[PDB]
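# Topology and contacts: notes
The lines below spell out each chain.
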Amino acid sequence: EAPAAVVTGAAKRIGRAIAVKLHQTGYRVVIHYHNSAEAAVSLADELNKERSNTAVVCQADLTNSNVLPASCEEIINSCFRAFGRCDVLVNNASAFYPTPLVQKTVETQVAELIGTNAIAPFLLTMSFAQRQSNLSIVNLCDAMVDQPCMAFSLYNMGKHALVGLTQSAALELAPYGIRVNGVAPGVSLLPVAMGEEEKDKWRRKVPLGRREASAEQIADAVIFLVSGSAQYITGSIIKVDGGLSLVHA
Amino acid sequence: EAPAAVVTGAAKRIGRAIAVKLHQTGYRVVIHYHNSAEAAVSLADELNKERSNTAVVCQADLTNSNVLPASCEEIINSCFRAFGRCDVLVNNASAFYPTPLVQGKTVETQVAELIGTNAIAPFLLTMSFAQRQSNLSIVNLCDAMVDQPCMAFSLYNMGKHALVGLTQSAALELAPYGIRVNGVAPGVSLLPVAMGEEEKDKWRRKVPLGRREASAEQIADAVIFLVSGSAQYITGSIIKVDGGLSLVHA
Amino acid sequence: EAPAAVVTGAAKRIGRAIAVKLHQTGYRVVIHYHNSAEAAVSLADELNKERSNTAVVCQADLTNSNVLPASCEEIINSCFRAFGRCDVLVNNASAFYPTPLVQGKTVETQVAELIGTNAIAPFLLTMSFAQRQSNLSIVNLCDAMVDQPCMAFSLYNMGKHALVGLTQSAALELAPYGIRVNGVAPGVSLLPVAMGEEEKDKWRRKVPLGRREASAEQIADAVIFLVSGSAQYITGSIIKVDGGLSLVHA
Amino acid sequence: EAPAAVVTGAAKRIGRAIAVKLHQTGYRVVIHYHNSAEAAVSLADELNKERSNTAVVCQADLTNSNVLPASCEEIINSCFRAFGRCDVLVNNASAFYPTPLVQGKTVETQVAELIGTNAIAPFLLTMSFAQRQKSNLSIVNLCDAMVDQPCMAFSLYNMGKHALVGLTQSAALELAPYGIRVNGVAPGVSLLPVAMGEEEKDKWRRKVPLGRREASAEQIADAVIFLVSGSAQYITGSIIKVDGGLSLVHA
Ligand SMILES: NC(=O)c1ccc[n+]([C@@H]2O[C@H](COP(=O)([O-])OP(=O)(O)OC[C@H]3O[C@@H](n4cnc5c(N)ncnc54)[C@H](OP(=O)(O)O)[C@@H]3O)[C@@H](O)[C@H]2O)c1
Ligand SMILES: NC(=O)c1ccc[n+]([C@@H]2O[C@H](COP(=O)([O-])OP(=O)(O)OC[C@H]3O[C@@H](n4cnc5c(N)ncnc54)[C@H](OP(=O)(O)O)[C@@H]3O)[C@@H](O)[C@H]2O)c1
Ligand SMILES: NC(=O)c1ccc[n+]([C@@H]2O[C@H](COP(=O)([O-])OP(=O)(O)OC[C@H]3O[C@@H](n4cnc5c(N)ncnc54)[C@H](OP(=O)(O)O)[C@@H]3O)[C@@H](O)[C@H]2O)c1
Ligand SMILES: NC(=O)c1ccc[n+]([C@@H]2O[C@H](COP(=O)([O-])OP(=O)(O)OC[C@H]3O[C@@H](n4cnc5c(N)ncnc54)[C@H](OP(=O)(O)O)[C@@H]3O)[C@@H](O)[C@H]2O)c1
Ligand SMILES: *CC(=O)N[C@H](CC#C)C(=O)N1CCC(COc2cccc3nc(N)nc(N)c23)CC1
Ligand SMILES: *CC(=O)N[C@H](CC#C)C(=O)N1CCC(COc2cccc3nc(N)nc(N)c23)CC1
Ligand SMILES: *CC(=O)N[C@H](CC#C)C(=O)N1CCC(COc2cccc3nc(N)nc(N)c23)CC1
Ligand SMILES: *CC(=O)N[C@H](CC#C)C(=O)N1CCC(COc2cccc3nc(N)nc(N)c23)CC1
């Protein structure tokens, strides 16, 4: 019987590449999305064309709210409903934008940035564990958490909280044989809205090849961590950053 | 004219020792409290008896909510109203209790209290402190054991990790304004009032330096250092005051 | 056509498992050894029986001395002599024993062996590897417990900390040459042959994930990942393979 | 009776400021030096003019060698011989220069100097310090805030500073039962090299978030004073960055 995986924010970019590579490795996949319905379904169609009834989609807002716990339980439930099991959770979905300390409401920014990057991963982790082989969770972290971008304090707080969850959950779920690890990109796929001149500025800072990581290169580290080659690995965060985090000002 | 400081959760325990030591150093203090009204007022009375018009209390819930930004703004405003200035912010108030991943507060409430008090309220207080602006600084009460967490304390731990992030992010962003942002990270300090002596001794005996918990005063000493002129080039730093506990393997 | 790898201290235990797994992946291997001549030759025989002309041995003391640079150059040279190329360096060889700060090897010798094997020899091998230059990479065997050190192992610990520094420094400096530099950091893996069973069990039961030590093969798996095309964007990274041990408080 | 401190490399720059501030705090001081005899003696004369019989000098090469253990024992011994006690050790002396991985000191000499001064000599001094105790005893190691964002081609220097972090932590743990605390102070940009042109100095200064300037030697010394004080009696194994936020700045 084929294992099954949930990937949050899987319709595009890094999450899409993760879903594709898990599917290629033999997983059935839940493609979670928020706004990207068309791209989510398009991906599921591609995967189901390769192997029938191996991909489903699942819609949810992961902003923090009174309903978030129910939404996260339903994401996990969607995997059990479609595939009868849930072996892997990848927490990939993430809101990302500046929140300057000195001059959406700030309460909404808190809900979106801390909800997507930290609280929803926590609630999904709870629901994943409650419903339980090579079981594991992979959190998409950020190699630059300790050298943060100016005016991104709430985003950064969210990613730091995710490191804490990764470590806390590794410890607490180890007795259940659930491993919990992270993958920490530096510069990967740049924002669609960023101008080419700015993209090049960031690319040229990367020591290894002066370019961003492809989505597939991020996905490769995820595949490693969920594999039998990582069966003793828990609580670990692998940087996939081409040396960027080691570069001084 | 005397500088002024806000200390959150200052009615008791470590926050009280911090407020007392800042007061002894010449600061006027806002004693923030949530439920500990009697202890807060009693402390302000003691400090004002020592020097008139040098302490006020300020009540606020720092649970996450849509009104938390306004509450945090009002804490800072309370310092300006009492003293005409706000030089130092100490983020000390903190909810602390287990939230097991596997099995009667709702999880919505646990998130709001643990992430609100330990991370979001510090962020909003930091915003308000900075907006309203000399030796200006913020000191966050962190946790030396954030990377060796207590079993079943994931939300608390997430909160303290987020506070590290804030410490670093805010140091960077507020450096141009001359505001320093640092942390003090206890290991074992004052044990919970409800904990039995047998358990207290179990944790005390794990500490390499002296096999005892830190006094509240020892924590406060590190805060006093970081707000002083002796730390004027220090920002983004988190000083462990843990007697070596974080270095001890399983 | 086949790439080639040097593995230091490869005659036994973790280094042997690394050499075997690299060989199984298609590498030709130099089996470096110091005292374990019989085991090194036996391993080369086993690998060459599987595929002819794919393994040689190379003897060297990696204690620090004025001749260590020449010895390390000769290890790399041995790879070029046997295989015409050198694609991968695994710095595995390591002296490990206590050096109490407060009280028949001299301290001069303890320094030379512990700092030589764990740090200086890796540095010199890295220099020689780089000078003599595709998927080129170095993997250093680090230690997940470097910040929760064993009592009385200060020189060993200093050595492993230095190796972290080298991993990061060399990643940065060799990135323009397309050489990646990464580490694998065990917690409890293969226990010392000389350790009593009662002590072995004490350490095993501290590991959160499965209450057992890592097999040599599990360590090797992380090395195989880091040298593979699946890690082509990874440099300066140290992967813990410790079953959660480093996260456990005292 | 006044406590006593050893400060290595104390004739100039940061070590000098540390020795001065310890002296001002009431310590008697051993001023260790290697080549800077005239500056060491000049400092001792200034301190003894302030308070008689409160400063001596002690000469030693801290390069790694067969004699280094004996040299480090003798440094500690010189404190006991002058002052009858040794309360504080500050490991400050440090060689600093590039050692590129890819291309007239030999590399074995570079190893001996960079690893000796930054790591091995601190270890041996720590051993000797602890052996002679066998009251507020503490060691402060001068570390480096930028150890995880290293300067290109400074691999041996960086290895040395990483080793010193290890020592700080290992020694804190092992000496805690004796009541000896072990901590570090980690500068970012402090006193720039004497040779450096103002244009290059300003390049590095302008990277510092807090004030766009290097730390004074006195600012570094202030952190040392804190760590040896009664205000840090529960602090051990801690490394305080004094870097104006530099270590938090991305590329
Ligand atoms: N790209 C980089 O360079 C980089 C660098 C460091 C770390 N990372 C991390 O790597 C991961 C993937 O990065 P990425 O660039 O591929 O991400 P992204 O494109 O910014 O976000 C991925 C998806 O997150 C979903 N998401 C956002 N807000 C949401 C909400 N309120 N509720 C539910 N889902 C929500 C969106 O799904 P819909 O489109 O369906 O609305 C979006 O497509 C993230 O965790 C990121 O922080 C990336
Ligand atoms: N004690 C230790 O061993 C230790 C260890 C590591 C870190 N620390 C950190 O050091 C700091 C002080 O520790 P502590 O033991 O003195 O703290 P504490 O006694 O547990 O709590 C401090 C105060 O926080 C306030 N607080 C709690 N929930 C609040 C809410 N919803 N809104 C507003 N205020 C709220 C309470 O004020 P009221 O009483 O007024 O309701 C309480 O007296 C904390 O940040 C803690 O995490 C302490
Ligand atoms: N085992 C664990 O639990 C563990 C934990 C943390 C980290 N690690 C790291 O993982 C690596 C492998 O561990 P291990 O237990 O397999 O190692 P080990 O058995 O303790 O040592 C590996 C080899 O190092 C060689 N070596 C020692 N002194 C040498 C010298 N002066 N010159 C040259 N080679 C020398 C020896 O080779 P000969 O036999 O040929 O004399 C020895 O066989 C090491 O770097 C270790 O620090 C292991
Ligand atoms: N300056 C900075 O920006 C900076 C930045 C980060 C960290 N730090 C650390 O802070 C400390 C002080 O820095 P600094 O710039 O003041 O130091 P420095 O001037 O480069 O060196 C201080 C002293 O070290 C001594 N020393 C060098 N090689 C020696 C050897 N072989 N044996 C014995 N002593 C030797 C020299 O003594 P003699 O003059 O008597 O020969 C020298 O005056 C160092 O540990 C340094 O790594 C400094
Ligand atoms: C200030 C800045 O952009 N660059 C620094 C590092 C340097 C040099 C930095 O903080 N970085 C971290 C974030 C990276 C970009 O990221 C993302 C890019 C695009 C989408 C995206 N989505 C989500 N959800 N999260 C993130 N982090 C990103 C660039 C380097
Ligand atoms: C499971 C556990 O306690 N583990 C270690 C104990 C040891 C040794 C640990 O992880 N520690 C972290 C938490 C410390 C205790 O704390 C507090 C104690 C009392 C009140 C309190 N209030 C608040 N707000 N926060 C905290 N952290 C604490 C003990 C060491
Ligand atoms: C004091 C102690 O061992 N404490 C923990 C043990 C636990 C839990 C610890 O610090 N660990 C580090 C040392 C590990 C053992 O290691 C080795 C074991 C066998 C051989 C060996 N060779 C070499 N070269 N290096 C090392 N590190 C080891 C156990 C976990
Ligand atoms: C390449 C580089 O310098 N990069 C940054 C500078 C910036 C921003 C860096 O890595 N830093 C570390 C080294 C600092 C300079 O230092 C010294 C300067 C002068 C003397 C000296 N002596 C000794 N013994 N050690 C050191 N480290 C220094 C600059 C910041």
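The record names X-ray crystallography as the way this model was obtained, at a resolution of 1.800 Å.

## Here's the deal with the overall build of chain A
Broken down by element type, chain A carries 7 helices and 7 strands. For 249 residues, the compact-globule formula gives about 18 Å, and the C-alpha radius of gyration of chain A, at 17 Å, lands near that figure. With respect to the principal axes defined by its C-alpha atoms, chain A has extents near 50 × 40 × 40 Å. When the accessible surface of chain A is totalled, it reaches about 8,800 Å², and 49% of it is carbon and sulfur. A distance of 4 Å separates the average location of the 21 positive side-chain charges in chain A from that of its 22 negative side-chain charges.

## Notes on the interface of chain C and chain D
With 41 residues of chain C in contact, the opposing surface of chain D contributes 42 residues. When chain C packs against chain D, the two sides together hide about 3,700 Å² of surface, and 69% of this comes from carbon and sulfur. The largest contributions to the chain C side of the interface with chain D come from C:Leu101, C:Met158 and C:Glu173, which together make up 20% of the buried area. If you look at where chain C meets chain D, you find 0 salt bridges. If you list the elements that add at least two residues to the side of chain C that touches chain D, you get helix 4 (107-132) and helix 5 (154-174) of chain C. It is helix 5 of chain C that contributes the most residues to the side of chain C that touches chain D, 15 residues altogether. Looking at the side of chain C that touches chain D residue by residue, the class counts come to 26 nonpolar, 12 polar and 3 charged.

## Description of the UniProt feature "binding site: substrate" (unreviewed entry) in chain A
Residues and elements named next belong to chain A. Look at the UniProt record and you will see "binding site: substrate" (unreviewed entry) annotated at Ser136. Inspection of the secondary structure puts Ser136 in strand 5 (residues 135-140). On the accessibility criterion, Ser136 (0% relative accessible area) is buried. In this structure, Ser136 is in contact with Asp87, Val88, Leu89, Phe128, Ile178, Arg179, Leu225 and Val226, ignoring residues within four places of it in sequence.

## A look at the sheet that holds strand 7 (residues 237-240) of chain A
Residues and elements named next belong to chain A. Pairing is parallel across the open sheet formed by 7 strands, whose spatial order is 3-2-1-4-5-6-7. Both outer strands of the open sheet, strand 3 (55-59) and strand 7, are each paired with one neighbouring strand and no more. Mean inter-strand twist for the sheet, computed between neighbouring axes without regard to direction, equals 20°. Where strand 2 (residues 28-33) lies against strand 3, 5 bridges are found, and the strand directions are parallel. From the neighbouring strand, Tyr33 faces strand 3, where its bridge partner is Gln59. Contacting strand 4 (88-91), strand 5, strand 6 (178-185) and strand 7, helix 7 (residues 215-226) runs over the sheet at an angle of about 165° to strand 6.

## A word on the packing of helix 1 (residues 13-24) of chain A against helix 2 (residues 37-50) of chain A
All names here are of chain A. Between helix 1 and helix 2, whose axes approach to 11 Å, the crossing angle comes to 10°. With respect to helix 2, the axis of helix 1 lies roughly parallel. Facing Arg16, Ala19, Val20 and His23 of helix 1, the residues of helix 2 in contact are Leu43, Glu46, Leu47 and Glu50. Broken down by class, the residue content of the contact of helix 1 with helix 2 amounts to 4 nonpolar, 1 polar and 3 charged.

## Re the site of ligand 4
All names here are of chain D. Taken together, 24 residues lie near ligand 4, and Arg13, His34, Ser36, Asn92 and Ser190 sit nearest. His34 is positioned such that a nitrogen or oxygen atom in its backbone is 2.8 Å from an oxygen atom of ligand 4. Within the side chain of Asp61, a nitrogen or oxygen atom sits 3.0 Å from a nitrogen atom of ligand 4. Bound to the protein, ligand 4 loses 84% of the 890 Å² it would expose on its own. Counting residues per element, the ones that place at least two in the shell around ligand 4 are helix 1 (13-24), strand 2 (28-33) and helix 5 (155-175). The residue inventory of the shell around ligand 4, partitioned by class, reads 11 nonpolar, 10 polar and 3 charged.

## Things to note about the environment of D:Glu108
On the secondary structure map, D:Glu108 appears in helix 4 (residues 107-133). With relative accessibility at 23%, the residue D:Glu108 sits in the partly exposed group. Each C-alpha atom, one on D:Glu108 and one on D:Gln131, is 30 Å from the other, the two residues being 23 residues apart in sequence. If near-sequence neighbours (up to four positions away) are discounted, D:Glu108 is found in contact with C:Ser65, C:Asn66 and C:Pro69.

## Topic: the nonpolar core
Judged by nonpolar contacts, the single largest core of 393 residues is most densely connected at A:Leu22, B:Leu22, C:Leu22 and D:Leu22. When neighbours within four sequence positions are excluded, A:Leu22 is seen to be in contact with A:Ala5, A:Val7, A:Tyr27, A:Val29, A:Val90, A:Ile223 and A:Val226.

## Side note on the packing of helix 4 of chain D against helix 5 of chain D
All names here are of chain D. Put simply, helix 4 and helix 5 touch, their axes get as near as 8 Å, and they point 10° apart. Comparing the axis directions of helix 4 and helix 5 gives the class roughly parallel. For the pair formed by helix 4 and helix 5, the contact residues are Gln110, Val111, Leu114, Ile115, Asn118, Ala119, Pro122, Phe123, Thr126 and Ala130 on the first element and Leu156, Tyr157, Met159, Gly160, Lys161, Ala163, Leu164, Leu167, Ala171 and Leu175 on the second. Residues belonging to the contact of helix 4 with helix 5 are distributed by class as follows: 15 nonpolar, 4 polar and 1 charged.

## Things to note about the packing of aromatic side chains
Across all of its chains, the model carries 14 aromatic pairs over all chains by this definition. Note on A:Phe96 and A:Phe152: the rings are 4.9 Å apart at their centroids and 25° apart in plane angle, and the pair reads as stacked. Seen in terms of ring centroids, B:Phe225 and D:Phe226 are 4.1 Å apart; in terms of plane orientation they differ by 5°. Their pairing is stacked. Of this pair, B:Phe225 sits in helix 7 (residues 216-227) while D:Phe226 sits in helix 7 (residues 217-228), placing the two residues on different chains. The exposure classification of B:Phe225 matches that of D:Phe226, with both residues buried. By way of ring pairs, the aromatic residues A:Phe96, A:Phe152 and A:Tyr155 are connected into one cluster. Stacked on the ring of C:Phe80, the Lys or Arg C:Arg132 has its end atom at 4.1 Å from the ring centre. Taking NZ or CZ as reference, C:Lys202 lies 3.9 Å from the ring centre of C:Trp203, over its face.

## Things to note about the site of ligand 7
Near ligand 7 there are 15 residues, and of these B:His249, C:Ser94, C:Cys150, C:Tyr156 and C:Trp203 occur at the shortest range. B:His249 is positioned with one of its side-chain polar atoms (N or O) 3.3 Å from a nitrogen atom of ligand 7. In this structure, C:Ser94 approaches ligand 7 through a side-chain N or O atom, which is 2.8 Å from a nitrogen atom. When the residues that make up the shell around ligand 7 are grouped by side-chain class, the tally is 9 nonpolar, 4 polar and 2 charged.

## A few points about helix 4 of chain C
With 26 residues, helix 4 of chain C ought to run about 38 Å at 1.5 Å a step, and its terminal C-alpha atoms sit 35 Å apart, in line with that. At C:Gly116, helix 4 of chain C is deflected by roughly 65°, the largest bend along its length.

## Quick notes on the interface of chain A and chain D
Where the parts come together, the accessible area they lose is often given as the size of the interface. On the chain D side, the residues contacting the 13 residues of chain A number 13 residues. Overall, the association of chain A and chain D removes approximately 1,100 Å² of surface from exposure, summing both partners, and the carbon and sulfur fraction of that is 63%. When the buried surface of chain A facing chain D is broken down by residue, A:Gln147, A:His248 and A:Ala249 rank first, second and third, together holding 54% of it. Where chain A touches chain D, the interface holds 0 salt bridges. Of the residues that constitute the side of chain A that touches chain D, the class distribution is 8 nonpolar, 3 polar and 2 charged.

## Some words on unusual backbone geometry
Backbone geometry at C:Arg13 places phi at a positive 60°, although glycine is not the residue there. Using a relative accessible area of 38% as the deciding quantity, one classes C:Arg13 as partly exposed. A positive phi angle, near 60°, is found at D:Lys134, a position not held by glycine. Here D:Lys134 lies in the loop between helix 4 and strand 5 (137-142).

## Here's the deal with the pattern of salt bridges
Taken as a whole and assessed by the stated rule, the structure comprises 40 salt bridges over all chains. The shortest N-O distance in the salt bridge between A:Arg203 and A:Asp200 comes to 2.9 Å. With A:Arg203 and A:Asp200 both in helix 6 (residues 196-203), this residue pair falls 3 residues apart, about one helical turn. Residue A:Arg203 is classed as buried on the basis of its relative accessible area, which comes to 16%. Take A:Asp200: its relative accessible area is 35%, and that puts it in the partly exposed class. D:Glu113 is the salt-bridge partner of D:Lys105, the closest N and O atoms lying 2.7 Å from each other. Linked by salt bridges that have partners in common, B:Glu197, B:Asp201, B:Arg204, B:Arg212 and B:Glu213 make up one network.

Calculation rules
- Residues numbered from 1 in each chain as written, not as in the entry; some residues may be left out.
- Chains lettered and ligands numbered in written order.
- Heavy atoms only, no water.
- Helix = DSSP H or I, 4+ residues; strand = E, 2+ residues; numbered from the N terminus.
- Rg over C-alpha atoms; globule rule 2.2 N^0.38 Å.
- Areas by Shrake-Rupley, 256 points an atom, 1.4 Å probe, with all protein chains shown as cover.
- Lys, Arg positive; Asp, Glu negative; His and termini not counted.
- Charge placed at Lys NZ, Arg CZ, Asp CG, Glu CD.
- Contact = heavy atoms within 4.5 Å.
- Buried area = accessible area lost by both parts, 1.4 Å probe.
- Salt bridge = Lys/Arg side-chain N within 4 Å of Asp/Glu carboxyl O.
- Nonpolar A, V, L, I, M, F, W, Y, C, P; charged D, E, K, R; others polar.
- UniProt positions renumbered as here; feature names shortened; annotations may be inferred.
- Buried < 20%, exposed > 50% of the residue type's maximum accessible area, 1.4 Å probe, protein only.
- Pairing = 2+ DSSP bridges.
- Axes fitted to C-alpha atoms, helices over the stretch in contact; angles between N-to-C directions.
- Parallel < 35°, antiparallel > 145°, perpendicular 65-115°, else oblique.
- Near = heavy atom within 4 Å.
- Polar contact = N/O pair within 3.5 Å; in protein donor to acceptor, adjacent residues only side chain to side chain.
- Core = buried A, V, L, I, M, F, W, Y, C linked by side-chain atoms within 4.5 Å.
- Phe/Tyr/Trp six-rings, centres within 6.5 Å; stacked < 30°, edge-to-face > 60°.
- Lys NZ or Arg CZ within 6 Å of the ring centre and 35° of its normal.
- Expected span 1.5 Å × (residues − 1).
- Bend = angle between axes of the 7 residues up to and from the residue.

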